[PDB]
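Two forms of the same protein chain are encoded below as structure tokens; each is given separately, as structure 1 and structure 2.
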Structure 1
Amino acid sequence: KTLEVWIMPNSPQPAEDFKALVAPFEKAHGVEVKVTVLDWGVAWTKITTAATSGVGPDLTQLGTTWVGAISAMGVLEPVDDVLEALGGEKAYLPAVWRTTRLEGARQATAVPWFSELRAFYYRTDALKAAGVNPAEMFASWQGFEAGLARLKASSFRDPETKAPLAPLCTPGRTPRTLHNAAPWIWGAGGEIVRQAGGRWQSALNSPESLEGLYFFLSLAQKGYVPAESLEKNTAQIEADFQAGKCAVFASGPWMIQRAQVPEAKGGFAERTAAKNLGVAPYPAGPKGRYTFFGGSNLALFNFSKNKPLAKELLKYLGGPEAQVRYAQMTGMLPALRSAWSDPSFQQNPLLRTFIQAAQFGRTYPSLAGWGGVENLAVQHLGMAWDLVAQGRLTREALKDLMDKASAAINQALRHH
């Protein structure tokens, strides 16, 4: 009677890392845990097929934004008991607690596993050369844009590339998520959706959502993001920062680990970027400072024949030791807030800065139809990036694109 867990590729050797993570559990319970790794490309279909058919694992990883949809299909075992065992609501950042259930539900259907959050990496050497104070640049929108202007004008050249750096790298081609836009929307006082007028509705066409989205998108149109960045994807921009092409770029905590180890093990300790690496939280907008939170949770299918032992494994994976260990393996932040005290975070100044950024964490409402909302939002955000690529984004053009986004989202939110 052996547990079956489904995971996605969260670490360099996903199945073996997971098996090393649960070795102490296996010993204590006299059990083997079986793991299957699902590519992110097919994980959603595999998990919805398990949901509809009843053919699946005991435990599955879920992206945080998936919890509403799978919970609303009726297939997840309540895990309030597990979360209470881990410390209950105060054991988590509120944005992370929000991901434990369908929005508005009283019963928890998912256990927080690990957190993606995003902050700005910068080249300490580039900002020093351009006369930019990092505290000022990453404090506010005005500091941020003034910084990028100084970096655009800087005579500084990367030691290894012998070329100027792009002030900001951000991808403009084929956006799959709102995660790079959301902090700007939120900082302006906006949101992606809201409860207004008795309904969930798009808030992308609100003046405040448009202010934040225009502020961000216009940086690229002012020459702070080179056309070559605009043209690209998400591991390219990490490769670009590593390769000394970008002064500033947003990423998660995994780049810190990578900066600390040589090319041998898949790091960039050798590159000028590793030796001149800073991190700062997103700047405050006019209506607040917000950090995007994502990541993954664990869930138990209620058709499992080993729910008792599966709940023990959720307690283990969700708990302090496994939280610290799996954060190291994945390069993510623990979902269990107590684990942030661990020396592995507190002895690394760049990881302490991520924990500073964590205090401002926010995430999307846990809606059953969240995926439809985000798919329509990203499609229209990509239309906006396309106007940037032509230098044709105006405030009126962005407003028109988000009014079309909002009609489509509102229609999708009226259907289940």
Structure 2
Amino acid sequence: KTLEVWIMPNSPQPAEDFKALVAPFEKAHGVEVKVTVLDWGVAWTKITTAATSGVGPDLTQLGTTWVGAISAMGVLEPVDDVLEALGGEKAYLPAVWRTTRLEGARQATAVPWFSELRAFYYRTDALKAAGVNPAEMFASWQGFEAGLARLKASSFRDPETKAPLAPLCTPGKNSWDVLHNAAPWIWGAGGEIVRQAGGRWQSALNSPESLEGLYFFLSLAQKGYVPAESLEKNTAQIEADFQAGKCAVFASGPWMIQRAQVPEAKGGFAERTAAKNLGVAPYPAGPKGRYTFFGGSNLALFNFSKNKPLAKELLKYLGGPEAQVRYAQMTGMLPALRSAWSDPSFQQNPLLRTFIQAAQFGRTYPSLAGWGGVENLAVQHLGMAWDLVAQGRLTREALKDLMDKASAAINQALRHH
């Protein structure tokens, strides 16, 4: 008797780590859990195709921002019973509890698996040589720009590369992170990705404060703090650039702390200079508030599964205290189950404590039926904003026109695919 699970690359050896996580469940129940790893860039295509075709795994990993969109298609088995078995609404942060369902829905369609939120990694060696105080650089937008300017002027060279470091690396194309990396600047300026306007969600990417935030962020590339090359790269490539010692600063989740402690052979970067000179700081406060992206992933059961009782036992296992701590140790993500955040393993990790204590500023998108389509279009149009910088064509007016077109396309996507 057999289960199929789809996962995304959450750990350095994703399939191997997942098989080690579930080995105790397989021995307790005498069942094989098969796992298939889907890269984040293809995960939306494969999960939507399973949903429309009626053919797929028993369980899939679902990014928190996609839970509503797949739930709206009527293909997910309700999992209120599993959530109750794990201690109900009180066993979770309210933010995590909202990701268990499409907004407004009666029944939970996803079990919280892990949480993640964004902050700035920085080269402790690079900022000290530039004379940049991290606490000041990451406190405000003025501090953040002032720090990048000192990093740009610095004569510091990576000991291994013997070359200067880009002050800031950020992916300009492909990745969902093109949206998640823009969102804190939009939010900090008092903007948002979407707003409710008389019963209906619509794009707010072209609101005055959304344009102010987005323009500040884009203007960092325009000022030469982000290298032109970075504007054509995706998250994986920017990550690799940081590990290789080529960027002083970059935004990521808590998984990089875990990657920093594991050799290249096992998918980490423990051998690199960047791993030995690693700091973390939260997103700076904008003029209207202080925000970072908060998300993570849940687990969802397809209602066409031929193994629903067994699949629910797997959900209860993976969502429960033991598996929560073990998978968070293997991945460097945060447990989704509130109680596991206290575990000593997490408490005593200095860089991880910075992530945990930055949760205070965590914000996520509303859980809407349109949302996978919104992320695809957002990533495409923000990709074109980064192009305006690459081309030396970034003005207030060209960004406004571009986000008007993004907003028209997003409004379509909130209505239908």
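Rigid core here is just the name for the largest C-alpha set that superposes within 1.5 Å across the two forms. Residue numbering: sequential along structure 1, first residue numbered 1.
Peer 1: Rigid-body partition between structure 1 and structure 2: same part for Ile355 and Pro253?
Peer 2: Yes, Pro253 belongs to the same rigid part as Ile355 (C-alpha assigned to the better-fitting superposition).
Peer 1: Report the hinge rotation between structure 1 and structure 2 as a whole number of degrees, treating the chain as two rigid parts and superposing on C-alpha atoms.
Peer 2: So the smaller part swings through 17 degrees relative to the larger one.
Peer 1: Determine, in Å, the CA shift of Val22 between structure 1 and structure 2 after the rigid core is used for superposition.
Peer 2: Looking at the C-alpha of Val22 between structure 1 and structure 2, the offset is 4.5 Å.
Peer 1: Taking the rigid core as the frame, how far in Å does the Cα of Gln61 move between structure 1 and structure 2?
Peer 2: A shift of 2.8 Å at the C-alpha.
Peer 1: Quick one: CA shift at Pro226 between structure 1 and structure 2, core fit, Å?
Peer 2: For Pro226, the C-alpha ends up 0.7 Å from its position in the other form.
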